[PDB]
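Peer 1: coordinates for the following, if possible.
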Amino acid sequence: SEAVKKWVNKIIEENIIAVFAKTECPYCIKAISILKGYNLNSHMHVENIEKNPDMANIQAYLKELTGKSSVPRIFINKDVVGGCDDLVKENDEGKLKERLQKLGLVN
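Peer 2: Residues are numbered from 1 along each chain as shown. Next up is the structure itself:
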């Protein structure tokens with residue numbers, strides 16, 4: 001409960017780019033690949049919450065934070081990006097690059 005929330009928080013707060021994912025999910029894989037395409041590997045953490053005894057608790061907390069329980073769930077500098085579709089929209093429309101520029105992750 002408190003333990004789960006603290007664990008999720010630590011992932012989000014200690015990594016500039018935090019992705020919560022599940023096993024063999026093409027939208028998780030696509031989102032992570034897009035982010036690595038910006039050379040973000042050094043500041044990215046991917047957590048597979050399907051391989052976790054508390055998956056449902058984690059998903060419920062992600063829904064409390066973001067409005068959705070599904071993965072992938074993507075945070076950038078603690079800001080909610082959302083899922084892969086949200087990432088695609090931001091990427092295509094220049095918003096992702098702008099985010100990353102403000103973080104010094106992209107020129």
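
Peer 1: and what about residue 75, helix, strand or coil?
Peer 2: Three-state call for residue 75 (DSSP: H, G, I helix; E, B strand; the rest coil): strand.

Peer 1: looking at it, it is touching residue 81, isn't it?
Peer 2: Yes - contact status for residue 75 versus residue 81: in contact at 6.5 Å, counting by CB atoms under 8 Å. Placement of C-beta: from N, CA and C, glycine included.

Peer 1: how about the helices in this protein?
Peer 2: According to DSSP state H, the chain carries its helices in the segments 2-14, 26-37, 55-66, 84-92, 95-102.

Peer 1: and those helices as TSV, adding distance to residue 44?
Peer 2: Formatted as TSV, the helices of the chain follow (distance: least, CB to CB, whole Å):
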stretch	distance to residue 44
helix 2-14	11
helix 26-37	6
helix 55-66	17
helix 84-92	13
helix 95-102	11
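
Peer 1: quick one, which of those helices is nearest to residue 47?
Peer 2: Counting by CB to CB, residue 47 lies closest to helix 2-14 out of the helices of the chain; the figure is 5.5 Å.

Peer 1: other SSEs contacting the closest one?
Peer 2: Applying 3 or more CB pairs under 8 Å, 6 or more residues apart in numbering; DSSP states H and E, one finds that helix 2-14 makes contact with strand 17-21, strand 44-48, helix 55-66.

Peer 1: looking at these, spot the one closest to residue 9.
Peer 2: Taking CB to CB, helix 55-66 is the member of the helices and strands packed on helix 2-14 nearest to residue 9, at 8.9 Å.
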